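Asks: no FASTA, just this:
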């Protein structure tokens, strides 16, 4: 288990264009292509990223290239952010994976807004951090995923991703 397996489980890896929970065309691991209702616009943005006429279907290798880049962006966003960086520096490897998972799902700005929970995580108060996170809007939206990520922050282990 590592950050890539973790995200593959929570996000999945689609090889064909699919619709977001808001109707947005997407692919790979929650990789936004376009916000317009036009499939053509979706297919066109995919081809510029891939470099060929995908017609809405890509290979595993291409899907994982997109995935790898997005995971790299999430990690960059953390290191360039004044609030995330110090928390990330203080976490062990497993909990770091949980921080990356959140940034990847919500973006560096969104996660940076959890100022209390972050301070909690920095001071190593796992149990309090978990309870505080459990009553967020994020948790309410995606219960199963948020529970797995919270459990990871709490325990410092991968049990929530091994017992499925």
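Replies: Structure received. Numbering: from 1, shown residues only.

Asks: any idea which residue is closest to the centre of the protein?
Replies: The chain has residue 104 as the residue nearest its centroid, 2.8 Å off, counting by Cα atoms, centre = their mean.

Asks: can you name the residues that contact that residue?
Replies: By Cβ atoms under 8 Å, 6 or more residues apart in numbering, the contact set of residue 104 is 7, 11, 30, 70, 71, 74. (Each C-beta comes from the backbone N, C-alpha and C, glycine too.)

Asks: which parts of the helix or strand hosting it are buried?
Replies: According to DSSP states H and E, residue 104 maps onto helix 93-106. For helix 93-106, a neighbour-count test (16 or more other Cβ atoms under 10 Å) marks 94, 95, 96, 97, 98, 99, 100, 101, 102, 103, 104, 105 as buried.

Asks: and stretch 155-164, end to end?
Replies: 16 Å (Cα to Cα, to the nearest Å).

Asks: let me fix that, I meant to ask about stretch 157-164.
Replies: End-to-end distance (Cα to Cα), stretch 157-164: 14 Å.

Asks: now do it: everything it contacts.
Replies: 1, 5, 6, 9, 94, 147, 148, 149, 151, 152.

Asks: which one of those sits in the busiest neighbourhood?
Replies: residue 149 (25 neighbours; other Cβ atoms under 10 Å).

Asks: tell me the helix or strand right after the helix or strand hosting that residue.
Replies: For residue 149, the host element (DSSP H and E) is helix 143-155. Following the chain from helix 143-155 toward its C-terminal end, the next helix or strand by DSSP H and E is helix 159-162.

Asks: right, I'll leave it there.
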